[PDB]
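Asker: Please find one structure pasted underneath; my questions will follow.
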Amino acid sequence: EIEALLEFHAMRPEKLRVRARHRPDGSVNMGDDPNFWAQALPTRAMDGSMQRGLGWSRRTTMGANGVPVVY
Amino acid sequence: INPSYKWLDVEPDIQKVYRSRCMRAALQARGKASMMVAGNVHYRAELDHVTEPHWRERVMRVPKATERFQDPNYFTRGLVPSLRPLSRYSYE
Amino acid sequence: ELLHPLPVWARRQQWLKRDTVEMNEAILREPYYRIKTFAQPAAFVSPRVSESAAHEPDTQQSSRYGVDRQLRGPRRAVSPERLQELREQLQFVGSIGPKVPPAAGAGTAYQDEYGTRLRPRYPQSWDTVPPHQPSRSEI
Amino acid sequence: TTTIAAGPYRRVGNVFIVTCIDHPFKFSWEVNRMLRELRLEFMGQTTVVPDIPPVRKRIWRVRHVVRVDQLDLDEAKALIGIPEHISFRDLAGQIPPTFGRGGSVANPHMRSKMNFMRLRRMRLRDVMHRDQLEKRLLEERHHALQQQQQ
Amino acid sequence: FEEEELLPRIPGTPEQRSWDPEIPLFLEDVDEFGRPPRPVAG
Amino acid sequence: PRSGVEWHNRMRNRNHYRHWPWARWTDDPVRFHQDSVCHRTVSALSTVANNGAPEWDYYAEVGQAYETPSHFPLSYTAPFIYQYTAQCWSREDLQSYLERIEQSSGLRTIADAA
Amino acid sequence: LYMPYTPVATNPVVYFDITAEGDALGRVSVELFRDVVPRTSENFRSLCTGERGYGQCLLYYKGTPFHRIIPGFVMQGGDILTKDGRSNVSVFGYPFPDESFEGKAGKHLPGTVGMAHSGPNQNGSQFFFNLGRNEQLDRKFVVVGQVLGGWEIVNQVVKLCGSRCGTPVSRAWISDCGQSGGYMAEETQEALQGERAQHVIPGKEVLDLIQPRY
Amino acid sequence: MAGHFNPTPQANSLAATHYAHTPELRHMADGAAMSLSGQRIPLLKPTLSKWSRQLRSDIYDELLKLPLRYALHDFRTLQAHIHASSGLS
Amino acid sequence: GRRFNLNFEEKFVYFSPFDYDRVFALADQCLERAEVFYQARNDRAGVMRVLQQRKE
Amino acid sequence: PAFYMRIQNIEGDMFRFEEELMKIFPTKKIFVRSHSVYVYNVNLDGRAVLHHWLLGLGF
Amino acid sequence: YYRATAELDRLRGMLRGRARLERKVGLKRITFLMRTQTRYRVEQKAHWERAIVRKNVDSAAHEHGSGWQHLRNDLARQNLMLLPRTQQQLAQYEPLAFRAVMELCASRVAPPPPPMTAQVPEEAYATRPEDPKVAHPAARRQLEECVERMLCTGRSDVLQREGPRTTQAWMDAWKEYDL
Amino acid sequence: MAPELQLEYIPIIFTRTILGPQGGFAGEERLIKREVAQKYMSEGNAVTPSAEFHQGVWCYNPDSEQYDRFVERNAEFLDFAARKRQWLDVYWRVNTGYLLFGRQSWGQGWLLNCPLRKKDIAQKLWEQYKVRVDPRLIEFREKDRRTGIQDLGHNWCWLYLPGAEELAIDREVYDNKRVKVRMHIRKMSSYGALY
RNA sequence: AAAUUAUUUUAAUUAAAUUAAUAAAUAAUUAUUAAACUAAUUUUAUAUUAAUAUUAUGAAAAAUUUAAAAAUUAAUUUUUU
């Protein structure tokens, strides 16, 4: 946890602000919900269509430290 | 007591209920589940009464102002763990 | 608008309606199954309780005597042990999986003779219609 | 013979033959929903649904629309000439699962991409065929070459 | 379904059985109308 | 009553309730889908000991129709205990445990063991 | 009763938790001959750990019943879509063809799993645990592995639940499957750790005893 | 909140062997094995770009698994990314 | 096909030559049997001129 | 946000090329044209799958 | 909006006065008189036209003391299956044959039985001990019931013998190709 | 107990014999609504079940008009106050209830085209009120003995509650042997109407 | 306000809420283009979405509900190639 306190507190705020119309999961964050104005994981619109359709493994999703990326 | 006053319970474990529902609804499919379950909507009226048969009297009982404020010396002598004088209403 | 009365024939043919529904829900409260015995006949008369006004008894010129000809007749698979005596003879020709060829006397398999994609040249005609486009059954 | 018959007791289900006697377009959106789950839309349509429990409700809600008929399974194994020993969970284990209008996927697009790939696994079935001819000729062209030097 | 006992023994879906009073209640170890005719009927 | 547009946006997976039950089943906040039965045991012979521990009540919250009257012997609560402890002891193994209890101890009946 | 095999190092060792008649039998730890059939031994490995998610269906052996058991010959299972045993899919999305019969994969031995197929070049998910030396299955069905743990478990499933016609006399299925070693053993564990599960199936109080994810 | 004081049922015996019901948290949660598994920013694997040609093994299996004619080079020999002074560049 | 995202299987209408051509199927099957007759006879010069014939 | 790929610089028989994409993407609509090979519904992760293949093929 | 003029432009030749001369009134007339025919014809002509045919056969069944009320139901009793458009051809051009159908229904002759559903040949309940050379008892059951029916249809040259032709050797016509 | 959460109904031992549905009779224990019961414990018709009253209670006779009649509640009376309650619970349930319908009525005479059966009243008794009876007891009026109910709007018909003579039950119900079940036939189109 | 030019076709539907010195703007609908198969069941049955385009405030016969209504209003299933 101590390592996460820093990796979250040494991020320039702009890396946290709401940064795209589609939240990293795929929903469309409209206005009026102050909780969802914070987009920690950065979205990637043009990436990830191989997963969940071609039988590509969940092993590919994950990053180098093991935690999955979302698409 | 009064079916007009409701609470919202969130029980944190989602597997604790899912892995029972998937049974409770797999048992009652084979006709092997009993309908006197606590969670049955129409049984709760009788369920309480099988276990606590005089619960009406446990909430209807009016407390004398003596016992509602148990002897403050019993608090210094430590007999009663901590006096709560305002918590007087039985919300069951 | 509803001005002149419903003609009588309509009300009468609508009293047959509620007496259709009153005959559906008689079917939709039957037991989900029927505890039956192997040895006994299949349905010796054994209908539902539908002997309110029983008809078509004539055993011919009766609609059901293509079926109850065989139900009332003595049941051949007369025991659960007799079933395996009968169920151990049937094969499955096309099912997915492996087999044991020499189980027969001298038969030499077909699908390993004309390949898997080729089908026998069925004579196409009006009465005889064989399966068409066989390469669409592979899912 | 005045005796409860004695023997190993098999139980036989029932199979409902359902028809449609009233038009569907007069009824609600829920009653039309049940008829849809009985493969019934037009008047005079007819289907053969099982007597399993959640079908018994669907048929019940629309009793005023359909005309049911019940068949014990032995009274079905004879309606189509069937040997008594052959069950039905081996007869169905023979028909392919891709019968006419294979699946009912959640919307006519997902239908049209369930029929698409079905028309692809045909293309791939000939293409996995056409290279399996090459991969065997290639593995031989290797051995002809390899054993050439010996 | 009959193989995994999944077919219920009580005939008629839950909602249906509340609708029609001819499917008798499927009480087992009690009498339908409360107390049994303790009084001799005859 | 489920009126309102947001119930239209979230029953159907509309704009940002696009994966609406944001916590559906198949997530456990507590035990993260790993069985809580310690396999790291002092002696390898006794690793099979912890198998079959109750993770919750298993019996009351389900509400099965135990038609066993409370005066039966213990050996007639085995068909219930098993359905939650298979993968731990074969059914015919319980009937070796749920008999040594009846033989050795002074307990015989379901009412006694309660 | 005895069971030899061909022991190998650094291969996936995959286990089923076979259940029959509501009596959990145990755990049948297969090994997968990766060194010879790298394309097939992966398809099996992927369907036994729920790794590869949705293709045409829930690509996962957990729950699916042994639709075809023949006493003394084979113990077939799989057929993930329409579990009553008439389909064949791969994690790839199409029924791929068999790789090799050269050796160690074209020898159906009395303790060895082979990936059954409809037509020669159409391998899929349906396997079978060979129960005897079948010299007419050599060169045709590709051996994918071998049974390390619990031969008496499978030699029972064939007794209780097997009939000459092939269709089972009772119920039997795969109450659980997973990977217990080999290559990508832990690298699959990170693919399955966390709150939200990969696949959604009835609680393990159901699949284990009562019903086989029909 | 007031915590957990006014201690547990206040009974004692040799038996004392029937209860866990850790407060949910002290059961894989407050044994903080991996809850950051969901709440930690990912470190993405090598990314193929238009300019940066960083290969990845995780994708290369999804080709090495395929039933493809025209086989592919083995991964290690497909790598541009690994004795004067322990070998020069 | 004039549609793309619904009723679009009509752009990928495929009919296997093993259905709409029977003289081709046989020709593929004769040579396949000619592959196994040389497989037993061990005529590797022949199994090629079977395969290199069949693929063409 | 619905993407397609385009394989523009190929010569040879695209069909024996496109018949090797099908085995990769058994679910993406692939069309062949004179110069290119369009494969639909495949975004910048599919772009990454190709080059890990066009390197494996040795090009 | 396309009025199919060149499809009507030459067909005003059979309209009456003002319609033929001018065009925008000629079309308007015919593209209505045409637009009502093909609406009269789909939904209205039958349930009129098929009532002349019913009024004919009726009053031609009426001559023989029966009604349409009784004939329409006494035909389907005898499984006789003559569409009313045909009974009207018989009512007129073949009166005797029609009254033959009339006198049949009034007769108390047993109508034909409903067709029997398919039956289970009892050889399915024996297990042939599989010998290579002997046929299954259920095939030589089916065959004999398919060859006796092939000799049933049409006067042919096939082993032409009076009445019933030769069978017990017709079932074994494969040996005639044997060496 | 709180001023907000009050018992919606409370236990009560009746001393008098009240006619109304919430009413009881001599000596039975009943959970009647709180507001009603609270103006009984002041009125004297009822007393909360102290352990003393659970054996006997001095009920009331209109003869001398005072609380003299001692009605001791042994196990035998508790088999009498059950059958006498279970009886007049069917009474006060069908008499209080107003069982609705939805029917089709094409035509002018406001005539239900498929008129009602005594089957179709016991069916709407068990459906809505769960009152399970014999449809042989339901006597229709004179206007609807011929053709069934047959007409929209408010119809009523008599239900005969036979077994009320050994319960000593009169003057505490409006009619010892009958009860007016009160139909109503709310015509509806094929959308919501049956039959 | 009046018009807006090319038949033989090949996927369906209505909606009714925030606001208006009272309707060019928003939802919701419809539309164009495109999408991915999360437990629930039959071996049933399922138009769910994204992206853009969008000069709209009032729902037959019922079932009832406001109102002197003397209909309007709420209502909600229709709404023909």
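Here, A, B, ... name the chains of the structure tokens in the order displayed, residue numbers run from 1 inside each chain, and ligands are numbered from 1 in the same displayed order.
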Looking only at the backbone, which of the residues in region 82-211 of chain G does DSSP tag as alpha helix (DSSP H), as JSON, numbers by chain?
Answerer: {"G": [151, 152, 153, 154, 155, 156, 157, 158, 159, 160, 186, 187, 188, 189]}
Asker: Using only C-alpha atoms, determine which residues of chain C fall within 12 Å of chain E; present them as an mmCIF file with N, CA and C atoms, in the first residue's frame.
Answerer:
data_model
loop_
_atom_site.group_PDB
_atom_site.id
_atom_site.type_symbol
_atom_site.label_atom_id
_atom_site.label_comp_id
_atom_site.auth_asym_id
_atom_site.auth_seq_id
_atom_site.Cartn_x
_atom_site.Cartn_y
_atom_site.Cartn_z
ATOM 1 N N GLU C 22 -61.945 -23.656 -19.723
ATOM 2 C CA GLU C 22 -62.244 -24.592 -18.647
ATOM 3 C C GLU C 22 -61.779 -26.005 -18.977
ATOM 4 N N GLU C 25 -57.232 -25.454 -18.569
ATOM 5 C CA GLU C 25 -56.763 -25.505 -17.195
ATOM 6 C C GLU C 25 -57.037 -26.849 -16.542
ATOM 7 N N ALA C 26 -57.881 -27.682 -17.136
ATOM 8 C CA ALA C 26 -57.949 -29.056 -16.666
ATOM 9 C C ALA C 26 -56.717 -29.831 -17.087
ATOM 10 N N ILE C 27 -56.056 -29.397 -18.155
ATOM 11 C CA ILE C 27 -54.826 -30.044 -18.592
ATOM 12 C C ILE C 27 -53.635 -29.479 -17.842
ATOM 13 N N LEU C 28 -53.675 -28.194 -17.515
ATOM 14 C CA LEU C 28 -52.569 -27.526 -16.853
ATOM 15 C C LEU C 28 -52.586 -27.691 -15.347
ATOM 16 N N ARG C 29 -53.345 -28.648 -14.819
ATOM 17 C CA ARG C 29 -53.198 -29.061 -13.430
ATOM 18 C C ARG C 29 -52.954 -30.555 -13.318
ATOM 19 N N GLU C 30 -52.585 -31.203 -14.413
ATOM 20 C CA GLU C 30 -52.200 -32.596 -14.354
ATOM 21 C C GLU C 30 -50.819 -32.725 -13.724
ATOM 22 N N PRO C 31 -50.527 -33.859 -13.106
ATOM 23 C CA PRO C 31 -49.190 -34.070 -12.561
ATOM 24 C C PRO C 31 -48.145 -33.998 -13.654
ATOM 25 N N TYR C 32 -46.958 -33.521 -13.283
ATOM 26 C CA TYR C 32 -45.906 -33.339 -14.271
ATOM 27 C C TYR C 32 -45.487 -34.653 -14.900
ATOM 28 N N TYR C 33 -45.764 -35.773 -14.244
ATOM 29 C CA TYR C 33 -45.368 -37.075 -14.746
ATOM 30 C C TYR C 33 -46.428 -38.088 -14.352
ATOM 31 N N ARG C 34 -46.089 -39.362 -14.500
ATOM 32 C CA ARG C 34 -46.971 -40.452 -14.115
ATOM 33 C C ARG C 34 -46.120 -41.621 -13.658
ATOM 34 N N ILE C 35 -46.255 -42.013 -12.398
ATOM 35 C CA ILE C 35 -45.498 -43.153 -11.899
ATOM 36 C C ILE C 35 -46.016 -44.383 -12.623
#
Asker: Tell me, counting only C-alpha atoms, for each residue of chain H within 12 Å of chain G, which pair of atoms is nearest and how far apart they are in Å to one decimal, in rows ordered by chain and increasing number, as a Markdown table.
Answerer:
| residue | atom | partner | partner_atom | distance |
| --- | --- | --- | --- | --- |
| H:28 | CA | G:194 | CA | 11.0 |
| H:29 | CA | G:195 | CA | 10.8 |
| H:33 | CA | G:194 | CA | 10.4 |
| H:34 | CA | G:194 | CA | 7.6 |
| H:35 | CA | G:194 | CA | 7.5 |
| H:36 | CA | G:194 | CA | 9.2 |
| H:37 | CA | G:194 | CA | 6.3 |
| H:38 | CA | G:194 | CA | 6.8 |
| H:39 | CA | G:194 | CA | 10.4 |
| H:58 | CA | G:187 | CA | 10.3 |
| H:61 | CA | G:42 | CA | 10.0 |
| H:62 | CA | G:92 | CA | 9.1 |
| H:63 | CA | G:39 | CA | 10.0 |
| H:64 | CA | G:39 | CA | 7.8 |
| H:65 | CA | G:39 | CA | 5.1 |
| H:66 | CA | G:39 | CA | 6.5 |
| H:67 | CA | G:96 | CA | 6.5 |
| H:68 | CA | G:39 | CA | 9.7 |
| H:69 | CA | G:99 | CA | 11.1 |
| H:71 | CA | G:39 | CA | 12.0 |
Asker: Selected residues, N, CA and C atoms, written as a short mmCIF file (atom, residue, chain, number, x, y, z; two decimals), in the first residue's frame, please.
Answerer:
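Okay, out.cif is ready:
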data_model
loop_
_atom_site.label_atom_id
_atom_site.label_comp_id
_atom_site.auth_asym_id
_atom_site.auth_seq_id
_atom_site.Cartn_x
_atom_site.Cartn_y
_atom_site.Cartn_z
N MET H 28 -8.82 -12.45 4.10
CA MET H 28 -8.24 -12.20 2.78
C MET H 28 -8.32 -10.70 2.47
N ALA H 29 -9.07 -9.99 3.29
CA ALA H 29 -9.11 -8.53 3.07
C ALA H 29 -8.04 -7.86 3.93
N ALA H 33 -3.54 -9.29 1.14
CA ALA H 33 -2.75 -9.99 0.14
C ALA H 33 -2.72 -9.20 -1.16
N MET H 34 -3.86 -9.09 -1.83
CA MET H 34 -3.95 -8.26 -3.02
C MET H 34 -5.35 -7.69 -3.14
N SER H 35 -5.57 -6.52 -2.56
CA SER H 35 -6.70 -5.69 -2.94
C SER H 35 -6.28 -4.61 -3.91
N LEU H 36 -4.99 -4.29 -3.94
CA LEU H 36 -4.47 -3.36 -4.93
C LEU H 36 -4.47 -3.99 -6.32
N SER H 37 -4.65 -5.31 -6.39
CA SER H 37 -4.90 -5.97 -7.67
C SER H 37 -5.96 -5.24 -8.47
N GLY H 38 -6.97 -4.69 -7.80
CA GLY H 38 -7.94 -3.86 -8.48
C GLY H 38 -7.67 -2.38 -8.40
N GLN H 39 -6.84 -1.94 -7.46
CA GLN H 39 -6.68 -0.51 -7.18
C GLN H 39 -5.21 -0.11 -7.31
N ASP H 58 3.41 -12.00 -25.02
CA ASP H 58 2.05 -12.33 -24.62
C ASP H 58 1.16 -12.48 -25.84
N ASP H 61 2.16 -15.79 -28.35
CA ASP H 61 1.53 -17.09 -28.15
C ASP H 61 0.25 -17.20 -28.96
N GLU H 62 -0.58 -16.15 -28.93
CA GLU H 62 -1.83 -16.17 -29.69
C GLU H 62 -1.57 -16.27 -31.19
N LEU H 63 -0.30 -16.32 -31.59
CA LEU H 63 0.02 -16.74 -32.94
C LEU H 63 0.73 -18.09 -32.92
N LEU H 64 1.56 -18.33 -31.90
CA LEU H 64 2.24 -19.61 -31.81
C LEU H 64 1.27 -20.73 -31.48
N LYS H 65 0.06 -20.37 -31.03
CA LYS H 65 -0.94 -21.39 -30.73
C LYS H 65 -1.75 -21.74 -31.97
N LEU H 66 -1.73 -20.88 -32.97
CA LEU H 66 -2.67 -21.03 -34.07
C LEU H 66 -2.29 -22.23 -34.94
N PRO H 67 -3.24 -22.85 -35.61
CA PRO H 67 -2.91 -23.87 -36.61
C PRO H 67 -2.57 -23.25 -37.94
N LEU H 68 -1.43 -22.57 -38.01
CA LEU H 68 -1.07 -21.80 -39.19
C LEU H 68 -0.02 -22.54 -40.01
N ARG H 69 -0.34 -22.76 -41.28
CA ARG H 69 0.69 -23.06 -42.26
C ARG H 69 1.66 -21.89 -42.31
N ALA H 71 4.90 -21.59 -40.82
CA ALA H 71 5.21 -21.40 -39.42
C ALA H 71 6.02 -20.13 -39.20
#
Asker: What does the structure give for the distance between CA of residue 55 (chain D) and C1' of residue 42 (chain M), in Å to one decimal?
Answerer: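 Between CA of residue 55 (chain D) and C1' of residue 42 (chain M) the gap is 7.5 Å.
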Asker: Define the interface residues of chain D facing chain I as those within 6 Å, counting only C-alpha atoms, and report them as a list in words.
Answerer: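 Every residue of chain D that passes the 6 Å test is in residues 109, 112, 116 and 137 of chain D.
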Asker: So how far away is CA of residue 136 (chain C) from CA of residue 94 (chain C), in Å?
Answerer: 14.5 Å
